[PDB]
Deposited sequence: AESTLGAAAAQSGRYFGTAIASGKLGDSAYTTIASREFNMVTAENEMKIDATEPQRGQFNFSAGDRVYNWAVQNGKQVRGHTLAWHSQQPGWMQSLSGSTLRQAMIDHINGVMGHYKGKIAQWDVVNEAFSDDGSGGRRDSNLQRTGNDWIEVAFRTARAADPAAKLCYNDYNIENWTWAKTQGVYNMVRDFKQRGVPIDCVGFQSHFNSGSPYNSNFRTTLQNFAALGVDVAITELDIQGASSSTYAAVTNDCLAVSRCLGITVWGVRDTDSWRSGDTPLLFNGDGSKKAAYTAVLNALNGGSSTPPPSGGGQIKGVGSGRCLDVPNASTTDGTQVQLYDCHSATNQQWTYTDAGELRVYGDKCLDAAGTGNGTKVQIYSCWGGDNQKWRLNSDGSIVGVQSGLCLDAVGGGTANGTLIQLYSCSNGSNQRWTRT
């Protein structure tokens, strides 16, 4: 299929997943989207060390199993997250070191993987072991202090516990090839593969924002790692601002690499995000598809003026008016500024640089006009591959009033119908 992210990824043998919080499994708006769009699930916190072994030797899999069962029952594979980590260790584990800690780490791995043996597709065996200090060296943690070979030991232990699972090393800020951290990790995987240490994949968290932005050399990093013989996976993707171009770029980078298994966005709706303030996901709080959703789906499915298919006329701001509240119309196409629209990464259709195509409401018959740009959802649009233009807030289509084709025919929001007065062609 090609209507949902998971189905469209499946076409090239990949998956499109999300992080699931068991706390939201009761929320129907949440499960409706999650069940429909994704085919891979990562438990947000449920499979962490603190959650699965609250007390030494005493394993708890209630929350983890809840997420796991939901996933399998809804046709999704699962990524285990995570076995050894310097962060979120239960207090009992923080009170350990040396041989005792090393042993605890091993017991925890066997305990968790044993419970889930044969039913987890990929495991993030070791998470965030490298430093951010620009050294490209490991981070000083109680685990690292037990011995530099702990990472190798963890992977060897993991392989033994469940040989059916793909074992990955997971980390953030290893996306830009030029970074000292990316090099540090690369060198470790290189070494591991040379010495036969069991590592099947490298997960790239992909938490992009203005502090650590996406760079096109990400495709290069993915290709260099894949050239070592490991699979690569985009594991916790979210982009500050949810730029349509950046989401499409990351998606195409995965598609360009045969060893890229798939992509997992870190959450369902912006409000579910650990960084909701950055509106970094594909669905907004209302559960509606953002402009980025369409950019991602179109990328997975394969690879100026706005002219009405039914009329052969262009979207025009009457007499080149700049006043807010001016309703747009159809008019003979001509090379004028009032007929030139720019679709931004935020999902706006700008004219005159700072005026936005705006919906004055959410119902059928709603007037489509220009108004100062401010980032409201009523000024965000989705340009579908079928030629329809859907408002993000309303979910309705741009519609030439009454099917009119003459100059002066007005534009409104209306139930999408695949009609020609709802079909547009960017030129």
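- Coordinate coverage of the deposited sequence breaks once, at 304-312, a segment carrying no C-alpha atoms.
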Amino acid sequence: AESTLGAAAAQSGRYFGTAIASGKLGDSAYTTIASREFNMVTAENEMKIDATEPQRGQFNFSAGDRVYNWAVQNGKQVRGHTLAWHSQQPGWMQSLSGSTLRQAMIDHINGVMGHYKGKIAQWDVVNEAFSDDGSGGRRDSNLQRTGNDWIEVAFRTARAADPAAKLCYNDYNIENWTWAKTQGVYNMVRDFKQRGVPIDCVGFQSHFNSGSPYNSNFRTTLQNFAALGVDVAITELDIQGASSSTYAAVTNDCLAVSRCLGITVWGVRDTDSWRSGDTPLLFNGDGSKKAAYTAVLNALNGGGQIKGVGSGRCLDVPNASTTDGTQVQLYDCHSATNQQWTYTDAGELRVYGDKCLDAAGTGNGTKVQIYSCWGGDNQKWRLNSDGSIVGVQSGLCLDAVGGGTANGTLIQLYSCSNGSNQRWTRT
From here on, numbers count along this sequence of modelled residues.
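Throughout, rigid core stands for the largest set of C-alpha atoms superposing within 1.5 Å between the two forms.
- Core-fitted comparison in 5 other deposited structures of this protein shows that, between 89-97 and 207-215, the CA atoms farther from the shown form belong to 89-97.
- Comparing the deposited coordinates for 152-160 and 96-104, the stretch with the larger average C-alpha B-factor is 96-104.
- Mean CA B-factor, 415-423 versus 15-23: the higher value falls on 415-423.
- Comparing the C-alpha B-factors of 68, 381, 59, 371 in the entry, the top value falls on 59.
- Ranking 219, 269, 290, 139 by Cα temperature factor from the entry places 139 first.
- In this PDB entry, residue 64 carries a Cα temperature factor that places it within the middle third of its chain's modelled residues.
- In the PDB entry, a CA B factor belonging to the highest third of its chain's modelled residues is recorded for residue 336.
- When all modelled residues of the chain are sorted by CA temperature factor, residue 277 is found within the middle third.
- In this PDB entry, residue 348 carries a Cα temperature factor that places it within the lowest third of its chain's modelled residues.
- Per the deposited record, the Cα B-factor of residue 212 falls in the middle third when ranked against the other modelled residues of its chain.
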